[PDB]
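Inspection log for the structure reproduced underneath, given as structure tokens.
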Amino acid sequence: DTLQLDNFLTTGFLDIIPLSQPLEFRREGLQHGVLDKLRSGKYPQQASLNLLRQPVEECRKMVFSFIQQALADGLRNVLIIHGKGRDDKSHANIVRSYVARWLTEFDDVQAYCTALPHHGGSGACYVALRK
């Protein structure tokens with residue numbers, strides 16, 4: 001069910017991430033190789049989610065639906081594109097901050113981190129997904 005009544009992603013009391021802080025998250029108890037999955041992973045177009053100029057509620061529906069889809073298709077890593085902001089309260093950084101929280105709310109998300117520049121750099125993040 002990518003029915004939105006099942007959308008457990010939360011809003012409110014957003015913990016805004018400063019522009020000087022990258023996106024990084026790693027669950028305890030992962031296998032030795034998981035993090036190289038982030039770096040040396042394959043990110044084709046269908047493994048990526050483009051959130052540029054999407055309102056926050058639309059981002060919440062897309063991320064939920066996209067991660068459900070990616071898991072159903074056996075994707076082990078995905079790219080999320082939120083964009084680069086000019087200040088902490090710009091839309092891109094608000095989106096980035098919500099994406100940071102939402103990814104930790106999925107049981108099957110192992111880790112994430114800021115992308116390399118050839119995958120959008122500080123405007124995107126790599127996400128490791130449990131197979």
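Residues in the structure tokens are numbered from 1 in each chain, the chains being A, B, ... in the order shown, and ligands are numbered from 1 in the order shown.
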
*asked:* Please identify the helix (DSSP H, G or I) residues within chain A (assignment by DSSP from backbone atoms) and present them as a PyMOL selection string.
replied: chain A and resi 4-6+36-39+45-47+56-72+91-104+117-119+121-123

_Set the distance at 10 Å and use only C-alpha atoms: which residues neighbour residue A:15 once local chain neighbours fewer than 5 positions away are removed? I'd like the list as a PyMOL selection string._
chain A and resi 94+97-98+100-101

Find the residues around residue A:127 up to 6 Å (only C-alpha atoms counted), leave out those fewer than 4 positions away in its own chain, and share them as a PDB file with N, CA and C atoms, in the first residue's frame.
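Output saved as part_13.pdb:
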ATOM      1  N   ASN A  77      20.135   0.883  -3.364  1.00  0.00           N
ATOM      2  CA  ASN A  77      20.462   2.281  -3.127  1.00  0.00           C
ATOM      3  C   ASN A  77      19.715   3.202  -4.052  1.00  0.00           C
ATOM      4  N   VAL A  78      19.371   4.369  -3.523  1.00  0.00           N
ATOM      5  CA  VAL A  78      18.634   5.353  -4.286  1.00  0.00           C
ATOM      6  C   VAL A  78      19.222   6.714  -4.031  1.00  0.00           C
ATOM      7  N   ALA A 111      21.380   3.623   5.875  1.00  0.00           N
ATOM      8  CA  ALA A 111      22.272   4.750   5.957  1.00  0.00           C
ATOM      9  C   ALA A 111      21.933   5.749   4.862  1.00  0.00           C
ATOM     10  N   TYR A 112      22.400   6.979   5.021  1.00  0.00           N
ATOM     11  CA  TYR A 112      22.444   7.933   3.938  1.00  0.00           C
ATOM     12  C   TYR A 112      23.622   8.884   4.141  1.00  0.00           C
TER      13      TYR A 112
END

*Running DSSP on the backbone, which parts of chain A land in strand (DSSP E), as a ChimeraX atom specification?*
/A:24-26,48-50,77-81,109-114,124-129

*Can you pull out every residue within 9 Å of residue A:49, counting only C-alpha atoms, but drop anything in the same chain fewer than 4 positions away, and send it as a ChimeraX atom specification?*
/A:45,62-63,66,78-82
